[PDB]
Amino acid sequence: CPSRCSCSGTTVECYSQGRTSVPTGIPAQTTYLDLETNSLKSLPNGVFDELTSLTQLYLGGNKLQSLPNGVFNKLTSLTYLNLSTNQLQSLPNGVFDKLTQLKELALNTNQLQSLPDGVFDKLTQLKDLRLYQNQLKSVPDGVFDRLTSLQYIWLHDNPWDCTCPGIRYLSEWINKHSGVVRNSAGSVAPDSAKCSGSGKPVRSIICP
């Protein structure tokens, strides 16, 4: 198993070790890989391609600025993916398209300025989606429409542009899924997504 990491069964933990690259020697049978709280700034294309048994991948708390196209394409068994607390500005189109079994996706505390159209369309089993603390002024129309299993979503601390008609989709979606929105405290809070300048709840904006 990778030097300095801790391994048991098919679990590999290498968190908080100032790593700047994915360690070599991760067993192909690994199902749980924790590389959190390190210093990964980038990732080579195909870096995870051999780890096809992964179900849980933790990359939160790193310095990721971007992701290479297709970086998760071989990890079709993933059910949990943590990309929170990084420096992501954008995501490649269809980056999550092959992760059809995904249940949890954390993208909070990044620098996201936009989301690709249809980025979550294939994640029909997704139950938890975290997008709080980003730089999103808007989301693509219909971006959450196929998330039939969604039980929890976090949208707070984004500079939402509440100008009409652009805000219509998000305001209407929150209004129709009021019990799905969660605040930092972890409670149901449909008014936690707030408008950039007025500070008013996004769902309070009723476009003419």
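Quick note: we count residues from 1 along the sequence shown, nothing fancier.
Please work out which of 37 to 45 and 158 to 166 has the higher mean CA B-factor as recorded in the PDB entry.
-> On average, C-alpha B-factors are higher across 37 to 45.
State which stretch shows the higher mean Cα B factor in the entry: 183 to 191 or 11 to 19.
-> Per the PDB record, 183 to 191.
From the list 174, 28, 147, 153, select the residue with the highest C-alpha B factor recorded in the entry.
-> Of 174, 28, 147, 153, 28 has the highest C-alpha B-factor.
Once the chain's modelled residues are ordered by C-alpha B factor and cut into thirds, is residue 68 in the lowest, middle or highest one?
-> Middle third - that is where residue 68 ends up once the chain's C-alpha B-factors are sorted.
Would the CA B-factor of residue 56 place it in the lowest, middle or highest third of its chain?
-> Lowest third, going by the recorded CA B-factors of the chain.
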